Structure formats: structure tokens, C-alpha cells
Amino acid sequence: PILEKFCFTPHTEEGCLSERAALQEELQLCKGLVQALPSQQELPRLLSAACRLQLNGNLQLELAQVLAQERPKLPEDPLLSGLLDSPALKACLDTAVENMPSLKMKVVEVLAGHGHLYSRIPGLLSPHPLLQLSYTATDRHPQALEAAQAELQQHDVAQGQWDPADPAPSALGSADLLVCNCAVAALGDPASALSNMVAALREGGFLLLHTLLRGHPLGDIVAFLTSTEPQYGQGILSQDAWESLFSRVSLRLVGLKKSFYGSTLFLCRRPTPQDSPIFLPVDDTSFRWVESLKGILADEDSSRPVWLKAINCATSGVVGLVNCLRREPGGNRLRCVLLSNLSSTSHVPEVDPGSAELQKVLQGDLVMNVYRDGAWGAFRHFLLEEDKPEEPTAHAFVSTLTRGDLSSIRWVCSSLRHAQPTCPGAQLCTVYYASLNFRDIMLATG
């Protein structure tokens with residue numbers, strides 16, 4: 001079985017990877033070499049080689065090319081691909097999948113050869129049982145991404161010839177989701193590439209963009225490097241620079257995921273033609289709102305989106321209601337807004353049409369808009385940790401978790417922790433040395 005956890009997820013989060021210890025050590029290593037102009041990781045080795053040839057007046061040429069760095073191993077560096085291995089990628093992909101009028105998803109990757117997302121993205125969508133995915137990876141040159149062609153084949157992907165700078169090919173046409181991995185890939189120009197992508201992006205689609213932010217320590221460090229290649233430097237931009245860049249192409253930022261050192265992950269949704277939205281209260285306890293909603297959904301001719309908003313009670317289950325309604329005919333109009341605060345001291349934002357928050361969520365236009373404890377977010381599914389739970393216990397018994405295999409033998413908590421069976425004529429005894437007999441081997445062996 002697929003084991004998951006149903007967790008709340010803020011739309012905008014900061015300091016995602018701060019918990020990781022290895023990433024902090026990597027940042028310390030990279031800044032140490034940067035200081036005064038050391039690890040098995042590729043990026044610290046690259047900086048060590050840059051400092052090695054010259055402590056001063058280093059050739060941009062010599063640091064740029066060096067053995068063990070010609071490979072695109074930077075994306076394999078934990079610092080650069082930290083967020084992708086984090087749950088932020090899964091949350092963004094779930095957000096993209098959820099807000100689709102159809103059950104099929106069309107995703108295209110730009111500069112896929114360097115991005116390498118083609119290997120990682122398709123796996124994360126396997127847990128969705130009904131989702132059907134059509135993946136296509138595009139890179140500037142045919143020889144680019146020539147390696148790993150078997151890795152592409154094992155997944156249901158297609159090659160590409162699109163270079164983002166030029167207008168998108170008609171073959172890609174309209175796609176639900178665009179993934180770039182701009183952190184490692186090189187874009188000719190930010191505004192031009194964004195214009196081309198938004199041209200390729202369908203109406204109401206999503207643009208998932210991964211970038212390193214300028215003005216941050218690691219951002220400045222990468223800015224110093226790759227100075228030989230101007231295109232990569234243009235990819236590195238300020239957070240406000242990216243925010244302004246999105247607006248110019250009329251692309252609205254639905255969500256943002258940021259790392260503690262500076263690596264960030266942008267998610268944007270192409271605006272859809274503004275339509276007057278219906279409003280229906282869904283907090284009535286008598287459930288008489290079903291008839292009112294039943295009538296509205298009946299008029300399938302109307303294309304007005306319908307907003308079910310519950311604000312009276314945090315326990316209202318409108319989330320599942322809209323989840324089930326969307327599948328049924330005429331469900332494309334449904335969109336949810338719920339205010340569920342778990343703390344009384346927390347305040348409730350106003351959802352009046354005049355108020356700003358409702359306008360902002362309408363502009364975002366996401367199906368799920370759940371506000372809890374001062375942050376707009378939506379519930380998401382994450383695979384839970386594989387390791388079995390363990391706790392300190394005074395009572396435990398040796399058990400073979402899998403019959404017939406000795407490698408499984410491990411200590412497990414014992415029912416004696418409760419000691420209810422103890423009674424007069426029976427007593428509990430500590431065990432210092434426990435012997436093994438033939439029958440024990442026969443049992444463990446299976």
C-alpha cells in the first residue's frame with residue numbers, strides 16, 4: 001500500500017531546508033572558500049579549484065573549466081537541488097495537478113538536458129491513481145540531453161528541440177505545466193524566456209520555475225562563478241527582480257517556496273479570462289444549501305465559476321465536498337474557500353467581496369483556499385517516512401519481523417509494559433541472560 005499523510009501546506013513558506021544539517025555544512029564550506037577569495041560535494045570542490053590556481057586575479061577561464069566539474073554535477077550538489085528533494089516540489093506539483101479542468105496532465109520541460117527534472121517529476125505523480133501524464137523534455141541542441149536516453153525511455157517522455165529564447169513550437173502548443181530548473185539551466189534572457197513560456201502555456205495553466213536568488217550569500221557566490229557564461233548570470237536574479245519580471249508577462253504568482261540559504265522555487269498560474277464569480281454560503285446546518293447549489297450546477301450553460309465559501313465553522317467539510325463534486329459533470333465551476341483556525345487566540349480574516357483577501361484569492365484562482373492560523377494554504381498529501389517508529393522501553397522482546405529471514409530480527413516493545421496479567425501466583429522477573437535453544441532457531445528460520 002501507498003502510505004501518506006494529509007498535511008496542511010502554506011502557499012508561501014520560508015526557510016524550508018533550515019532543518020537539514022548537511023546543507024548548512026555545505027554553505028559553511030562554500031562561504032569559507034569565498035572568504036579570502038574541502039568536501040566530497042562537487043560545488044565546494046569547484047570553489048576549491050577556483051581558489052587553488054590563484055588566490056588573486058584568478059582567470060575566469062581557469063575556474064570555469066576544471067576536471068570533475070565539466071560534468072553537470074552541480075544539480076547533483078545538495079545545495080542547488082536541495083528544494084527539489086524537499087517536499088516543496090511535491091506540494092507545488094499537487095497544487096498544479098489539483099487545479100486542472102481535465103483529468104489528464106500535459107507537462108513540458110524547458111532546458112531539460114541540464115534541468116534533469118525529467119527524472120524526478122514523473123515519479124512524484126505515480127501516487128495519483130487516476131492521473132495520466134504526458135511528459136516531454138525539450139533542450140536547445142539535439143546532442144544536449146543525448147545521455148540518459150534510456151532513462152527517458154523507461155519513463156513515458158518525449159524528446160524536444162525547443163530553445164526557450166525562440167517562440168515555442170506548435171507541437172508543444174498548450175500545456176498545463178511548464179518546468180524549467182532555471183537554477184542550473186542557462187536562459188538567454190529572463191523577460192524573453194518568460195514571454196515565450198507564457199506564450200506556450202495554456203490558459204489557466206501553471207509555470208513551475210526553480211531559480212537561485214541574487215542578493216543572497218549563495219546567490220552572490222554563484223554570481224562570482226560562471227562569469228564566463230553570461231546566460232547563467234542572467235538566470236541569477238533578485239527576488240524583487242523576479243517578482244517584477246512575472247508581472248510584465250501578466251503571470252500571477254500563486255505560490256512561492258524558499259530555502260534558508262536562498263534557493264527558491266516559483267509557481268505561477270497564467271491568468272484566465274476574468275468572469276463574474278458566483279457566491280454561495282455553505283455553512284448552513286440544515287444542508288438546505290444543497291438545493292441552491294444543486295440548481296446552480298444544473299445550469300451547465302453558464303460558465304461562471306462558483307465559489308463555495310464556509311466561514312462560520314472550522315469543522316465544515318467543504319474540502320471533500322468540492323473534491324467529489326469536481327469529478328461530476330459541471331464540476332469545473334466549483335472553487336472552495338474555508339477558514340479553519342485551530343487556535344482561539346488566532347483572528348479570522350474577512351471574506352466580504354469588498355475586502356482584499358477575497359480579491360487576492362480570486363486573482364490566484366486556486367480551487368482550494370484554506371486559511372489556518374494566519375496563513376492561506378491547502379491540504380496536501382505527502383508520503384510519510386519509511387523507517388518504522390521506535391521509542392525507549394524497559395520491556396521488549398526479540399521478534400523476527402519477517403518470518404524466515406534472520407536479518408529482520410529486531411527488538412520490539414512488549415505487552416508487559418502494562419503488566420495487567422500479573423496476579424498472585426504469577427510474578428514479573430527481569431532477564432539478564434536469555435539462552436537460545438534449537439526450537440528458537442527452528443522458529444526464526446521458519
# chains A, B, ... in the order shown; residues from 1 in each chain; ligands from 1
>>> residues_around(residues="range 9-21 of chain A", least_positions_apart="3", cutoff="12 Å", atoms="only C-alpha atoms", output="PyMOL selection string")
chain A and resi 5-6+24-28+78-92+94-95+253-268+361+364+366+368-382
>>> select_by_dssp(residues="range 207-425 of chain A", states="helix (DSSP H, G or I)", output="count of residues only")
62
>>> residues_around(residues="residue 242 in chain A", least_positions_apart="2", cutoff="12 Å", atoms="only C-alpha atoms", output="NGL selection string")
:A and (190-191 or 194 or 209-214 or 234-240 or 244-249 or 251-253 or 256 or 264-268)
>>> closest_atom_pairs(of="range 227-265 of chain A", to="range 47-60 of chain A", cutoff="12 Å", atoms="only C-alpha atoms", output="Markdown table")
| residue | atom | partner | partner_atom | distance |
| --- | --- | --- | --- | --- |
| A:227 | CA | A:60 | CA | 6.5 |
| A:228 | CA | A:60 | CA | 6.0 |
| A:229 | CA | A:60 | CA | 9.7 |
| A:230 | CA | A:60 | CA | 11.8 |
>>> write_last_selection(atoms="C-alpha atoms", output="PDB file, in the first residue's frame")
ATOM      1  CA  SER A 227      31.121  34.723 -15.133  1.00  0.00           C
ATOM      2  CA  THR A 228      32.484  33.146 -18.319  1.00  0.00           C
ATOM      3  CA  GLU A 229      28.917  32.281 -19.351  1.00  0.00           C
ATOM      4  CA  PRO A 230      26.726  35.420 -19.371  1.00  0.00           C
TER       5      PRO A 230
END
>>> residues_around(residues="residue 99 in chain A", least_positions_apart="3", cutoff="10 Å", atoms="only C-alpha atoms", output="ChimeraX atom specification")
/A:94-96,102-103,176,204-206,269,332,335,365-368
>>> select_by_dssp(residues="range 277-382 of chain A", states="strand (DSSP E or B)", output="PyMOL selection string")
chain A and resi 278-281+306-310+334-339+370-371+376-382
>>> residues_around(residues="residue 223 in chain A", least_positions_apart="2", cutoff="9 Å", atoms="only C-alpha atoms", output="JSON list (two decimals) with C-alpha atoms, in the first residue's frame")
[["chain", "number", "residue", "atom", "x", "y", "z"],
["A", 214, "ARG", "CA", 20.53, 37.20, -6.24],
["A", 218, "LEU", "CA", 24.90, 31.55, -2.22],
["A", 219, "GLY", "CA", 23.44, 33.79, -4.92],
["A", 220, "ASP", "CA", 26.45, 36.10, -4.79],
["A", 221, "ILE", "CA", 28.77, 33.08, -4.71],
["A", 225, "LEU", "CA", 31.37, 31.93, -10.66],
["A", 226, "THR", "CA", 30.11, 31.18, -14.18],
["A", 227, "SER", "CA", 31.12, 34.72, -15.13],
["A", 232, "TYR", "CA", 23.79, 31.70, -16.49],
["A", 233, "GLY", "CA", 24.44, 35.02, -14.77],
["A", 236, "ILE", "CA", 20.56, 34.62, -11.31]]
>>> residues_around(residues="residue 77 in chain A", least_positions_apart="4", cutoff="8 Å", atoms="only C-alpha atoms", output="ChimeraX atom specification")
/A:41-43,73,81
>>> atom_distance(atom1="CA of residue 312 in chain A", atom2="CA of residue 283 in chain A")
6.1 Å
>>> residues_around(residues="range 392-400 of chain A", least_positions_apart="4", cutoff="9 Å", atoms="only C-alpha atoms", output="PyMOL selection string")
chain A and resi 404-417+444
>>> closest_atom_pairs(of="range 131-175 of chain A", to="range 112-115 of chain A", cutoff="9 Å", atoms="only C-alpha atoms", output="Markdown table")
| residue | atom | partner | partner_atom | distance |
| --- | --- | --- | --- | --- |
| A:136 | CA | A:112 | CA | 8.9 |
| A:137 | CA | A:112 | CA | 5.3 |
| A:138 | CA | A:112 | CA | 5.5 |
| A:139 | CA | A:112 | CA | 5.4 |
| A:140 | CA | A:113 | CA | 8.5 |
| A:144 | CA | A:113 | CA | 5.8 |
| A:145 | CA | A:113 | CA | 4.2 |
| A:146 | CA | A:113 | CA | 8.0 |
| A:147 | CA | A:113 | CA | 8.6 |
| A:160 | CA | A:112 | CA | 8.8 |
>>> atom_distance(atom1="CA of residue 168 in chain A", atom2="CA of residue 200 in chain A")
5.8 Å
